[PDB]
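Each remark here refers to the structure printed beneath this line.
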Amino acid sequence: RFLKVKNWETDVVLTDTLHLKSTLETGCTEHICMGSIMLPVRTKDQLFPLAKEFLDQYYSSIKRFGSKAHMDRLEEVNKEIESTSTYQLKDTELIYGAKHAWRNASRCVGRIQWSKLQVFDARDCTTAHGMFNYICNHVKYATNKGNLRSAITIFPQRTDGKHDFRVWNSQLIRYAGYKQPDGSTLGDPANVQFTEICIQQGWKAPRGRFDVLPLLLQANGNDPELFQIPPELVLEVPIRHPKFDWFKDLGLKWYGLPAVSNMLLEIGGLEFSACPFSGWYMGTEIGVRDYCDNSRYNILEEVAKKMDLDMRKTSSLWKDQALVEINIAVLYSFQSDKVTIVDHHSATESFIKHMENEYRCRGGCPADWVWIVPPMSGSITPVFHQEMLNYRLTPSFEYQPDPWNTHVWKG
Amino acid sequence: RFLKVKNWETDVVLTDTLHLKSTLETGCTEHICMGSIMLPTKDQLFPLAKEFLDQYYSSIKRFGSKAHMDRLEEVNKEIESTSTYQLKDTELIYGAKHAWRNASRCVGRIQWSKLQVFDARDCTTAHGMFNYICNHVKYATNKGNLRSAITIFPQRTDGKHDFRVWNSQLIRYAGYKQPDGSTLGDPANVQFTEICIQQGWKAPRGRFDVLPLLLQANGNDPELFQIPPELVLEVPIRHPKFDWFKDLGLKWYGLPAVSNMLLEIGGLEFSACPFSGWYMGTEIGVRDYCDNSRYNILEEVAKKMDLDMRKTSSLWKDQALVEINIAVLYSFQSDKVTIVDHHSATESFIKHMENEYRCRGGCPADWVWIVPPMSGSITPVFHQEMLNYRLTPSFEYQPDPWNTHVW
Ligand code: HEM
Ligand code: HEM
Ligand SMILES: Cc1cc(N)nc(CCCCCCCc2cc(C)cc(N)n2)c1
Ligand SMILES: Cc1cc(N)nc(CCCCCCCc2cc(C)cc(N)n2)c1
Ligand SMILES: C[C@H](O)[C@H](O)[C@H]1CNc2nc(N)[nH]c(=O)c2N1
Ligand SMILES: C[C@H](O)[C@H](O)[C@H]1CNc2nc(N)[nH]c(=O)c2N1
Ligand SMILES: [Zn+2]
């Protein structure tokens with residue numbers, strides 16, 4: 001079977017065969033497309049197939065498919081699963097696995113970078129204090145004084161699902177949000193609930209607009225524990241505008257390191273419930289979403305007032321104008337301080353080259369158009385006009401429920 | 001099997017039950033999503049008719065009535081005897097309005113019940129088609145106070161006698177390839193212009209030449225007709241602060257009017273059914289002007305603005321884009337030609353969508369098309385989950401007729 005995708009700007013047509021390896025489901029059927037829906041313990045029985053499929057992939061990639069080493073490794077994992085009910089990945093398999101979960105991440109525009117990923121193996125970790133130390137080292141390595149380096153840290157896999165490692169933070173670095181009695185919000189409205197949990201667990205909140213949240217770390221299924229990331233490890237950029245001198249007085253700043261900590265990494269049927277990973281920002285994640293979503297810092301109106309735009313009618317495009325200026329400011333600021341950042345033109349162009357390369361060398365590149373297209377200026381980026389096919393390959397990153405909904409409190 | 005959609009900005013959650021009445025296929029499977037692919041006998045006809053007339057009689061609250069049973073029997077006898085049937089005027093009007101209502105890619109559906117339907121089923125020649133189309137254009141244009149309309153030519157019979165408008169829109173600009181190797185005019189219309197030239201059109205060879213209509217009646221060879229120039233309302237494009245903008249020599253036409261789609265009602269196929277509304281600004285300012293494969297003017301505008309075009313990260317493309325879109329809205333407004341901006345249009349669509357969930361149990365919507373091509377996430381549709389599925393009556397794509405027509 002061959003599926004074809006067209007680029008409507010270039011008329012370039014690509015042929016996908018890779019979708020023949022998809023397994024998980026999309027959410028869609030022949031009768032309903034769920035392409036814009038945000039959220040669409042295993043037995044021995046299901047596990048060996050999942051292991052075998054992964055190991056066949058790994059051994060093929062190293063050009064040892066069907067070798068003695070390959071056969072011995074299948075046998076060894078088979079027996080391990082039979083007597084212990086799970087198995088342990090070799091370091092090389094873990095590295096390959098983590099890289100491939102990124103490569104397979106259909107919502108990620110940054111995948112040209114997938115093969116450069118520093119993998120920190122934290123499977124010897126046993127306590128929350130151990131987790132903290134691992135996470136500080138990740139943050140310090142990844143930050144690299146502004147010259148950002150992609151990295152992932154992987155904590156022990158799930159066993160009975162009663163002993164899970166979890167980072168309760170959605171990202172390693174994020175700002176607190178506090179709902180005020182008057183119904184307004186100080187800081188980041190997205191993190192209000194998590195901030196209440198931190199406070200309830202005994203965090204002493206500074207109660208400012210940009211308070212870096214503490215880490216809340218669960219090891220081996222125990223109750224989570226609080227830790228403050230050392231401030232000197234948290235690189236931040238004050239936001240200023242190249243021509244507008246009043247922009248700095250809005251008091252805005254952001255952190256340099258985007259680091260997702262709430263996802264589940266699946267490799268060969270194993271589940272790594274704590275696997276924080278980080279890269280560097282595309283400017284629109286801060287300038288469009290973090291700053292301009294109505295449910296976030298929501299600064300559009302204030303910016304447009306200061307620019308003296310005509311705000312009496314939407315048709316003056318005042319919002320569009322302020323939006324662009326805010327995004328110029330974010331890129332200017334990061335660049336001026338030498339903190340790695342990529343604009344949405346550069347990132348989507350690199351993504352299309354990556355995608356074409358993948359079709360040629362791998363036979364496809366699953367991609368989720370809804371997420372890949374940037375949240376401003378969509379159609380003047382080359383991804384807008386590119387047809388894409390979304391399907392699920394393993395290894396993969398998956399959503400998991402927030403741990404405060406599922407955690408069995410010990411006390 | 002009953003589905004929830006959430007808005008991630010407002011936390012409003014709606015339940016879709018309408019999708020259970022969905023009929024055609026999406027292109028998607030449980031293994032692969034094709035959400036971003038642009039194009040993913042008496043026996044068959046009676047169920048299609050019944051399904052339609054049932055929904056019709058339900059809508060006027062006469063479901064199961066004698067008049068309902070009588071029409072069903074009437075239509076059944078007509079199909080068995082004639083191999084087809086004819087819609088009552090009321091059914092035709094209901095069906096055309098519902099095809100718009102069901103158009104999952106249309107942001108402007110709050111307006112769906114205000115559609116003037118022109119019944120041209122009595123039309124027999126290409127000359128007749130031309131007269132009907134001029135009247136549509138004039139009625140819909142209304143000197144700039146635009147009114148939604150559709151004109152419906154006779155339905156398909158044996159498929160050898162199709163009515164077709166060969167143009168993709170009633171009003172579009174010609175495209176010509178130059179000795180230079182560049183393109184003069186609209187690059188999207190190069191092929192269609194060639195056919196027009198080939199059929200005899202005398203091309204002016206300008207940058208904004210309104211194409212002639214190429215009209216096919218009763219499966220005959222199509223004929224050329226020029227729309228009276230005084231019926232084509234055009235708008236010169238200027239900017240409220242940039243004095244130099246008018247010197248780019250840009251204009252666009254006021255009436256967006258799709259002419260290449262097929263309207264299916266109760267199994268009957270209307271292969272020529274031009275329909276028109278009014279523009280959302282970004283259709284002209286982002287797509288028509290700024291697509292690389294269309295008028296592609298970003299670079300010229302950026303240069304006149306004197307932006308740093310050395311690096312993508314100065315966001316010069318984005319700045320010039322916004323300015324071009326301001327100019328479009330400004331020019332249409334100054335000349336009192338109806339236009340809607342993408343903020344106002346998407347806000348209306350969210351209100352429409354809540355009405356439809358409340359009153360109909362859902363609203364099929366294709367997010368990839370609903371979200372405007374600029375400033376996506378500052379419009380409320382970006383944060384709105386949508387379910388895409390196909391309901392009839394419907395507008396459908398059909399093959400370009402020159403690939404199909406036996407000459
Ligand atoms: C190298 C720099 C990177 C850039 C510029 C980048 C870019 C992005 C962007 C813009 C998004 C969408 C975020 C949003 O709009 O909310 C995203 C999503 C994602 N990326 Fe990346 N990415 C990078 C590195 C990585 C790395 C290192 C990984 C994992 C190893 C990764 C895995 C993911 C995943 C799983 C998603 C989807 C998240 C979700 O569904 O919530 N990315 N990427
Ligand atoms: C009244 C003002 C209207 C507005 C503002 C509007 C808005 C739009 C927009 C922005 C698109 C996407 C266009 C593109 O990106 O190429 C669209 C698509 C569409 N609209 Fe509307 N619309 C209007 C009236 C109508 C009417 C009167 C009908 C039918 C009677 C209609 C049926 C459709 C269909 C079938 C599509 C998708 C066309 C395709 O798939 O090629 N619209 N609409
Ligand atoms: C409801 C919901 C579901 C979901 N899957 N994801 C979200 C939040 C989306 C935020 C993604 C975080 C940033 C992604 C990212 C990750 C990395 C590693 C680098 C970079 N530049 N950007 C919400
Ligand atoms: C290959 C292909 C398939 C397809 N379905 N559509 C296209 C392009 C779509 C052209 C859309 C025409 C304009 C839409 C429109 C129509 C109306 C009636 C009003 C308004 N404001 N805008 C290409
Ligand atoms: C409903 C819709 O799917 C949702 O708002 C999505 C749309 N596209 C997105 N795209 C990216 N990159 N990030 C997001 O958070 C979203 N949100
Ligand atoms: C590949 C992608 O589906 C295609 O370029 C679409 C994207 N969204 C669109 N949305 C609208 N309204 N109109 C279009 O022409 C397109 N093009
Ligand atoms: Zn789908």
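Labels used: A, B, ... for chains in the order of the structure tokens, numbers from 1 for residues in each chain, and numbers from 1 for ligands as shown.
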Expected selection as JSON, numbers by chain for ligand 2 within 6 Å, only C-alpha atoms and all ligand atoms:
{"B": [100, 103, 105, 106, 107, 108, 148, 149, 150, 275, 276, 277, 278, 279, 280, 395]}
Take the selection from the previous step and output its residues with N, CA, C and O atoms, as a PDB file, in the first residue's frame.
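Saved file out-v1.pdb follows:
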ATOM      1  N   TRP B 100     -25.144  24.192   2.569  1.00  0.00           N
ATOM      2  CA  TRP B 100     -24.261  25.223   3.133  1.00  0.00           C
ATOM      3  C   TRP B 100     -24.084  24.938   4.621  1.00  0.00           C
ATOM      4  O   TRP B 100     -22.954  24.902   5.121  1.00  0.00           O
ATOM      5  N   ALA B 103     -21.505  22.331   5.267  1.00  0.00           N
ATOM      6  CA  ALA B 103     -20.181  22.540   4.673  1.00  0.00           C
ATOM      7  C   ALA B 103     -19.124  22.702   5.789  1.00  0.00           C
ATOM      8  O   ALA B 103     -18.958  23.795   6.376  1.00  0.00           O
ATOM      9  N   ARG B 105     -16.037  22.929   6.045  1.00  0.00           N
ATOM     10  CA  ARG B 105     -14.912  23.827   5.828  1.00  0.00           C
ATOM     11  C   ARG B 105     -15.267  25.313   5.806  1.00  0.00           C
ATOM     12  O   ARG B 105     -14.359  26.136   5.621  1.00  0.00           O
ATOM     13  N   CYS B 106     -16.546  25.664   5.998  1.00  0.00           N
ATOM     14  CA  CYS B 106     -16.983  27.056   5.888  1.00  0.00           C
ATOM     15  C   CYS B 106     -17.139  27.721   7.234  1.00  0.00           C
ATOM     16  O   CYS B 106     -18.006  27.316   8.032  1.00  0.00           O
ATOM     17  N   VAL B 107     -16.329  28.759   7.474  1.00  0.00           N
ATOM     18  CA  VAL B 107     -16.406  29.577   8.687  1.00  0.00           C
ATOM     19  C   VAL B 107     -17.629  30.499   8.742  1.00  0.00           C
ATOM     20  O   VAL B 107     -18.003  31.041   9.828  1.00  0.00           O
ATOM     21  N   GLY B 108     -18.253  30.713   7.587  1.00  0.00           N
ATOM     22  CA  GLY B 108     -19.301  31.739   7.490  1.00  0.00           C
ATOM     23  C   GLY B 108     -20.714  31.202   7.617  1.00  0.00           C
ATOM     24  O   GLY B 108     -21.653  31.875   7.201  1.00  0.00           O
ATOM     25  N   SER B 148     -25.909  36.742   0.016  1.00  0.00           N
ATOM     26  CA  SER B 148     -25.624  35.343  -0.321  1.00  0.00           C
ATOM     27  C   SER B 148     -26.642  34.828  -1.311  1.00  0.00           C
ATOM     28  O   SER B 148     -27.833  35.107  -1.152  1.00  0.00           O
ATOM     29  N   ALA B 149     -26.157  34.070  -2.309  1.00  0.00           N
ATOM     30  CA  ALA B 149     -26.997  33.489  -3.344  1.00  0.00           C
ATOM     31  C   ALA B 149     -26.395  32.244  -3.969  1.00  0.00           C
ATOM     32  O   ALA B 149     -25.188  32.036  -3.928  1.00  0.00           O
ATOM     33  N   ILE B 150     -27.273  31.408  -4.516  1.00  0.00           N
ATOM     34  CA  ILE B 150     -26.877  30.246  -5.283  1.00  0.00           C
ATOM     35  C   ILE B 150     -27.828  30.157  -6.473  1.00  0.00           C
ATOM     36  O   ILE B 150     -29.018  30.425  -6.323  1.00  0.00           O
ATOM     37  N   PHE B 275     -22.369  29.534  -6.278  1.00  0.00           N
ATOM     38  CA  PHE B 275     -22.877  30.149  -5.043  1.00  0.00           C
ATOM     39  C   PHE B 275     -21.893  31.213  -4.571  1.00  0.00           C
ATOM     40  O   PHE B 275     -20.722  31.136  -4.861  1.00  0.00           O
ATOM     41  N   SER B 276     -22.369  32.220  -3.851  1.00  0.00           N
ATOM     42  CA  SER B 276     -21.517  33.331  -3.524  1.00  0.00           C
ATOM     43  C   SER B 276     -21.901  33.869  -2.162  1.00  0.00           C
ATOM     44  O   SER B 276     -23.065  33.761  -1.768  1.00  0.00           O
ATOM     45  N   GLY B 277     -20.924  34.481  -1.471  1.00  0.00           N
ATOM     46  CA  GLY B 277     -21.176  35.216  -0.226  1.00  0.00           C
ATOM     47  C   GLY B 277     -20.432  36.543  -0.282  1.00  0.00           C
ATOM     48  O   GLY B 277     -20.633  37.359  -1.182  1.00  0.00           O
ATOM     49  N   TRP B 278     -19.578  36.766   0.700  1.00  0.00           N
ATOM     50  CA  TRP B 278     -18.699  37.934   0.726  1.00  0.00           C
ATOM     51  C   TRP B 278     -17.431  37.461   1.412  1.00  0.00           C
ATOM     52  O   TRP B 278     -17.426  36.429   2.117  1.00  0.00           O
ATOM     53  N   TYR B 279     -16.362  38.216   1.212  1.00  0.00           N
ATOM     54  CA  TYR B 279     -15.032  37.770   1.589  1.00  0.00           C
ATOM     55  C   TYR B 279     -14.713  37.920   3.058  1.00  0.00           C
ATOM     56  O   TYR B 279     -15.225  38.797   3.721  1.00  0.00           O
ATOM     57  N   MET B 280     -13.866  37.021   3.555  1.00  0.00           N
ATOM     58  CA  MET B 280     -13.132  37.252   4.786  1.00  0.00           C
ATOM     59  C   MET B 280     -11.817  37.820   4.295  1.00  0.00           C
ATOM     60  O   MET B 280     -11.237  37.294   3.340  1.00  0.00           O
ATOM     61  N   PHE B 395     -22.139  20.063  -0.603  1.00  0.00           N
ATOM     62  CA  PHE B 395     -21.298  20.469  -1.704  1.00  0.00           C
ATOM     63  C   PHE B 395     -20.110  19.520  -1.810  1.00  0.00           C
ATOM     64  O   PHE B 395     -19.460  19.228  -0.820  1.00  0.00           O
TER      65      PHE B 395
END
Write down as an mmCIF file with N, CA and C atoms, in the first residue's frame the residues of range 99-240 of chain B whose backbone DSSP state falls under alpha helix (DSSP H).
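Generated file (out_33.cif):
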data_model
loop_
_atom_site.group_PDB
_atom_site.id
_atom_site.type_symbol
_atom_site.label_atom_id
_atom_site.label_comp_id
_atom_site.auth_asym_id
_atom_site.auth_seq_id
_atom_site.Cartn_x
_atom_site.Cartn_y
_atom_site.Cartn_z
ATOM 1 N N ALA B 99 -27.091 22.205 2.421
ATOM 2 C CA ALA B 99 -25.768 21.898 1.896
ATOM 3 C C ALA B 99 -24.758 22.922 2.476
ATOM 4 N N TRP B 100 -25.144 24.192 2.569
ATOM 5 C CA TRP B 100 -24.261 25.223 3.133
ATOM 6 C C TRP B 100 -24.084 24.938 4.621
ATOM 7 N N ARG B 101 -25.195 24.689 5.315
ATOM 8 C CA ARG B 101 -25.177 24.349 6.738
ATOM 9 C C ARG B 101 -24.201 23.206 7.053
ATOM 10 N N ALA B 126 -26.577 27.562 -23.134
ATOM 11 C CA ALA B 126 -25.439 28.195 -22.473
ATOM 12 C C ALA B 126 -25.712 29.664 -22.407
ATOM 13 N N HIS B 127 -26.391 30.159 -23.436
ATOM 14 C CA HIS B 127 -26.908 31.501 -23.408
ATOM 15 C C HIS B 127 -27.843 31.798 -22.227
ATOM 16 N N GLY B 128 -28.776 30.889 -21.962
ATOM 17 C CA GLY B 128 -29.644 30.934 -20.778
ATOM 18 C C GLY B 128 -28.830 30.932 -19.486
ATOM 19 N N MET B 129 -27.839 30.045 -19.393
ATOM 20 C CA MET B 129 -26.881 30.021 -18.256
ATOM 21 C C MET B 129 -26.198 31.378 -18.056
ATOM 22 N N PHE B 130 -25.761 31.996 -19.147
ATOM 23 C CA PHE B 130 -25.145 33.306 -19.047
ATOM 24 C C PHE B 130 -26.085 34.367 -18.437
ATOM 25 N N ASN B 131 -27.335 34.395 -18.887
ATOM 26 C CA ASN B 131 -28.326 35.325 -18.362
ATOM 27 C C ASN B 131 -28.600 35.143 -16.860
ATOM 28 N N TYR B 132 -28.891 33.902 -16.457
ATOM 29 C CA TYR B 132 -28.980 33.530 -15.067
ATOM 30 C C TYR B 132 -27.759 33.952 -14.216
ATOM 31 N N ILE B 133 -26.559 33.722 -14.733
ATOM 32 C CA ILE B 133 -25.331 34.073 -13.990
ATOM 33 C C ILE B 133 -25.154 35.578 -13.847
ATOM 34 N N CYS B 134 -25.427 36.347 -14.911
ATOM 35 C CA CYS B 134 -25.382 37.817 -14.753
ATOM 36 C C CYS B 134 -26.380 38.299 -13.707
ATOM 37 N N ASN B 135 -27.563 37.678 -13.659
ATOM 38 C CA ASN B 135 -28.578 38.129 -12.724
ATOM 39 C C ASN B 135 -28.142 37.776 -11.311
ATOM 40 N N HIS B 136 -27.468 36.641 -11.172
ATOM 41 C CA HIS B 136 -26.957 36.208 -9.876
ATOM 42 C C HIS B 136 -25.945 37.229 -9.400
ATOM 43 N N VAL B 137 -24.954 37.503 -10.258
ATOM 44 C CA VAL B 137 -23.898 38.470 -9.967
ATOM 45 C C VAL B 137 -24.433 39.829 -9.522
ATOM 46 N N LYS B 138 -25.368 40.393 -10.287
ATOM 47 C CA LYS B 138 -25.965 41.676 -9.985
ATOM 48 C C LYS B 138 -26.748 41.631 -8.669
ATOM 49 N N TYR B 139 -27.539 40.565 -8.467
ATOM 50 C CA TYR B 139 -28.342 40.438 -7.254
ATOM 51 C C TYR B 139 -27.462 40.312 -6.016
ATOM 52 N N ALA B 140 -26.455 39.458 -6.131
ATOM 53 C CA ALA B 140 -25.547 39.177 -5.011
ATOM 54 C C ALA B 140 -24.645 40.377 -4.684
ATOM 55 N N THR B 141 -24.246 41.123 -5.710
ATOM 56 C CA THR B 141 -23.327 42.237 -5.545
ATOM 57 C C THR B 141 -24.056 43.405 -4.892
ATOM 58 N N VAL B 190 -3.551 29.832 -15.005
ATOM 59 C CA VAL B 190 -2.837 29.652 -16.248
ATOM 60 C C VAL B 190 -3.546 28.638 -17.139
ATOM 61 N N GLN B 191 -3.810 27.433 -16.624
ATOM 62 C CA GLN B 191 -4.411 26.384 -17.466
ATOM 63 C C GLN B 191 -5.774 26.799 -18.027
ATOM 64 N N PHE B 192 -6.635 27.352 -17.161
ATOM 65 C CA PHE B 192 -7.979 27.776 -17.562
ATOM 66 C C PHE B 192 -7.906 28.864 -18.632
ATOM 67 N N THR B 193 -7.030 29.843 -18.433
ATOM 68 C CA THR B 193 -6.812 30.886 -19.452
ATOM 69 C C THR B 193 -6.420 30.299 -20.822
ATOM 70 N N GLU B 194 -5.531 29.307 -20.824
ATOM 71 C CA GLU B 194 -5.108 28.660 -22.070
ATOM 72 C C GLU B 194 -6.312 28.089 -22.816
ATOM 73 N N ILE B 195 -7.173 27.383 -22.088
ATOM 74 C CA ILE B 195 -8.385 26.816 -22.676
ATOM 75 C C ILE B 195 -9.274 27.919 -23.273
ATOM 76 N N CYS B 196 -9.427 29.007 -22.521
ATOM 77 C CA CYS B 196 -10.163 30.175 -22.998
ATOM 78 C C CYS B 196 -9.542 30.725 -24.278
ATOM 79 N N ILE B 197 -8.236 30.979 -24.261
ATOM 80 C CA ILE B 197 -7.555 31.424 -25.482
ATOM 81 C C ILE B 197 -7.847 30.435 -26.617
ATOM 82 N N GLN B 198 -7.625 29.148 -26.346
ATOM 83 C CA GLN B 198 -7.842 28.052 -27.305
ATOM 84 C C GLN B 198 -9.267 28.042 -27.863
ATOM 85 N N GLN B 199 -10.247 28.364 -27.022
ATOM 86 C CA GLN B 199 -11.634 28.428 -27.461
ATOM 87 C C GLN B 199 -11.959 29.741 -28.165
#
Please give me, as a list in words, the residues lying within 8 Å of ligand 6 when counting only C-alpha atoms and all ligand atoms.
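These are the residues that qualify: residues 6, 7, 8, 369, 379, 383, 384, 385, 386, 387 and 388 of chain A; 35, 36, 37, 38, 105, 106, 283, 287, 368, 369, 370, 371, 372 and 373 of chain B.
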Up to 7 Å from chain A, what residues of chain B turn up? Count only C-alpha atoms and give them as a ChimeraX atom specification.
/B:9,22,25-37,291-293,312-315,318-319,322,326,329,341,343,367-368,373-378,385-389
Give me the residues near range 252-268 of chain B as a ChimeraX atom specification, where near means some atom within 7 Å (using only C-alpha atoms) and where sequence neighbours in that chain fewer than 4 positions away do not count.
/B:45,48-49,52,95,141,155,165-171,233-236,272-279,337,392-398
Given the selection you just returned, output its residues as a file containing N, CA, C and O atoms, formatted as a CSV table (one decimal), in the first residue's frame.
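So result.csv came out as:
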chain,number,residue,atom,x,y,z
B,45,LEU,N,-30.9,5.2,-5.6
B,45,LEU,CA,-31.6,6.5,-5.5
B,45,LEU,C,-32.7,6.6,-4.5
B,45,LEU,O,-32.8,7.6,-3.8
B,48,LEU,N,-31.7,7.3,-0.8
B,48,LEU,CA,-31.1,8.7,-0.8
B,48,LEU,C,-32.3,9.7,-0.7
B,48,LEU,O,-32.3,10.6,0.1
B,49,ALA,N,-33.3,9.5,-1.6
B,49,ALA,CA,-34.5,10.4,-1.6
B,49,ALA,C,-35.2,10.3,-0.3
B,49,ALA,O,-35.6,11.4,0.3
B,52,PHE,N,-33.5,12.0,2.6
B,52,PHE,CA,-33.7,13.5,2.5
B,52,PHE,C,-35.1,13.9,2.8
B,52,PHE,O,-35.3,14.9,3.6
B,95,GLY,N,-32.8,22.1,0.7
B,95,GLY,CA,-31.6,21.4,0.4
B,95,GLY,C,-30.4,22.2,0.2
B,95,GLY,O,-29.3,21.9,0.6
B,141,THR,N,-24.2,41.1,-5.7
B,141,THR,CA,-23.3,42.2,-5.5
B,141,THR,C,-24.1,43.4,-4.9
B,141,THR,O,-23.5,44.0,-4.0
B,155,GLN,N,-30.3,19.2,-13.0
B,155,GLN,CA,-29.6,18.1,-12.3
B,155,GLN,C,-29.1,17.1,-13.4
B,155,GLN,O,-29.7,17.0,-14.5
B,165,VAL,N,-20.4,24.9,-15.2
B,165,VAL,CA,-19.6,26.1,-15.3
B,165,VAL,C,-18.1,25.7,-15.3
B,165,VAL,O,-17.7,25.1,-14.2
B,166,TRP,N,-17.4,26.0,-16.3
B,166,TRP,CA,-15.9,25.5,-16.4
B,166,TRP,C,-15.0,26.3,-15.5
B,166,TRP,O,-14.1,25.8,-15.0
B,167,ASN,N,-15.3,27.6,-15.3
B,167,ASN,CA,-14.6,28.4,-14.3
B,167,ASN,C,-14.7,27.9,-12.9
B,167,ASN,O,-15.7,27.3,-12.5
B,168,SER,N,-13.6,28.0,-12.2
B,168,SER,CA,-13.6,27.6,-10.7
B,168,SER,C,-14.4,28.6,-9.8
B,168,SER,O,-15.0,28.2,-8.8
B,169,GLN,N,-14.4,29.9,-10.2
B,169,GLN,CA,-15.2,31.0,-9.5
B,169,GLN,C,-15.8,31.8,-10.7
B,169,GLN,O,-15.2,31.9,-11.7
B,170,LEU,N,-16.9,32.4,-10.4
B,170,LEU,CA,-17.5,33.2,-11.5
B,170,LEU,C,-16.6,34.4,-11.9
B,170,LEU,O,-16.5,34.7,-13.1
B,171,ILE,N,-16.0,35.0,-10.9
B,171,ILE,CA,-15.1,36.1,-11.2
B,171,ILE,C,-13.6,35.7,-10.7
B,171,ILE,O,-13.4,35.4,-9.6
B,233,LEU,N,-17.9,44.3,-9.7
B,233,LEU,CA,-17.4,45.3,-8.8
B,233,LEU,C,-16.0,44.9,-8.3
B,233,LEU,O,-15.8,43.8,-7.8
B,234,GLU,N,-15.1,45.9,-8.5
B,234,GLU,CA,-13.7,45.7,-8.1
B,234,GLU,C,-13.3,46.8,-7.1
B,234,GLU,O,-13.9,47.9,-7.1
B,235,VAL,N,-12.3,46.5,-6.3
B,235,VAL,CA,-11.8,47.5,-5.3
B,235,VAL,C,-10.3,47.7,-5.4
B,235,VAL,O,-9.5,46.8,-5.3
B,236,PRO,N,-9.9,49.0,-5.7
B,236,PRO,CA,-8.5,49.4,-5.7
B,236,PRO,C,-7.9,49.2,-4.3
B,236,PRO,O,-8.6,49.6,-3.3
B,272,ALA,N,-23.9,22.1,-11.7
B,272,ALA,CA,-23.6,23.5,-11.9
B,272,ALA,C,-24.5,24.2,-11.0
B,272,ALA,O,-25.8,24.3,-11.2
B,273,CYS,N,-23.9,24.8,-10.0
B,273,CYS,CA,-24.6,25.4,-8.9
B,273,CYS,C,-23.8,26.6,-8.3
B,273,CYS,O,-23.5,26.6,-7.1
B,274,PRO,N,-23.4,27.6,-9.1
B,274,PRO,CA,-22.6,28.6,-8.5
B,274,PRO,C,-23.2,29.3,-7.3
B,274,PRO,O,-24.4,29.5,-7.2
B,275,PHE,N,-22.4,29.5,-6.3
B,275,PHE,CA,-22.9,30.1,-5.0
B,275,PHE,C,-21.9,31.2,-4.6
B,275,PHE,O,-20.7,31.1,-4.9
B,276,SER,N,-22.4,32.2,-3.9
B,276,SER,CA,-21.5,33.3,-3.5
B,276,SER,C,-21.9,33.9,-2.2
B,276,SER,O,-23.1,33.8,-1.8
B,277,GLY,N,-20.9,34.5,-1.5
B,277,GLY,CA,-21.2,35.2,-0.2
B,277,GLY,C,-20.4,36.5,-0.3
B,277,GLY,O,-20.6,37.4,-1.2
B,278,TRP,N,-19.6,36.8,0.7
B,278,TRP,CA,-18.7,37.9,0.7
B,278,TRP,C,-17.4,37.5,1.4
B,278,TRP,O,-17.4,36.4,2.1
B,279,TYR,N,-16.4,38.2,1.2
B,279,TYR,CA,-15.0,37.8,1.6
B,279,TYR,C,-14.7,37.9,3.1
B,279,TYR,O,-15.2,38.8,3.7
B,337,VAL,N,-17.9,48.0,0.4
B,337,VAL,CA,-18.1,46.7,-0.1
B,337,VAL,C,-18.0,45.8,1.1
B,337,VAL,O,-17.0,45.8,1.8
B,392,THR,N,-25.4,14.9,4.3
B,392,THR,CA,-26.0,15.4,3.1
B,392,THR,C,-27.3,16.1,3.5
B,392,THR,O,-27.9,15.9,4.6
B,393,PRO,N,-27.8,17.1,2.7
B,393,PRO,CA,-27.2,17.6,1.4
B,393,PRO,C,-25.8,18.2,1.6
B,393,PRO,O,-25.4,18.6,2.6
B,394,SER,N,-25.1,18.2,0.5
B,394,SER,CA,-23.7,18.6,0.5
B,394,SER,C,-23.2,19.2,-0.7
B,394,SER,O,-23.6,18.9,-1.8
B,395,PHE,N,-22.1,20.1,-0.6
B,395,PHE,CA,-21.3,20.5,-1.7
B,395,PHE,C,-20.1,19.5,-1.8
B,395,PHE,O,-19.5,19.2,-0.8
B,396,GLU,N,-19.8,19.1,-3.0
B,396,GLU,CA,-18.7,18.1,-3.2
B,396,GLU,C,-17.8,18.6,-4.4
B,396,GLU,O,-18.2,19.3,-5.3
B,397,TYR,N,-16.5,18.3,-4.2
B,397,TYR,CA,-15.6,18.5,-5.3
B,397,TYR,C,-16.0,17.6,-6.5
B,397,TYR,O,-16.6,16.6,-6.3
B,398,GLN,N,-15.6,18.0,-7.7
B,398,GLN,CA,-15.9,17.2,-8.9
B,398,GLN,C,-14.7,17.4,-9.8
B,398,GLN,O,-14.0,18.5,-9.7
DSSP strand (DSSP E or B) residues within range 281-406 of chain A, listed as a ChimeraX atom specification:
/A:281-282,341-342,386,390,396-398
Range 147-153 of chain A: which residues within 8 Å, counting only C-alpha atoms, same-chain residues fewer than 5 positions away excluded, as a PyMOL selection string?
chain A and resi 98+116-122+134-135+138+141-142+257+275-280+338-340
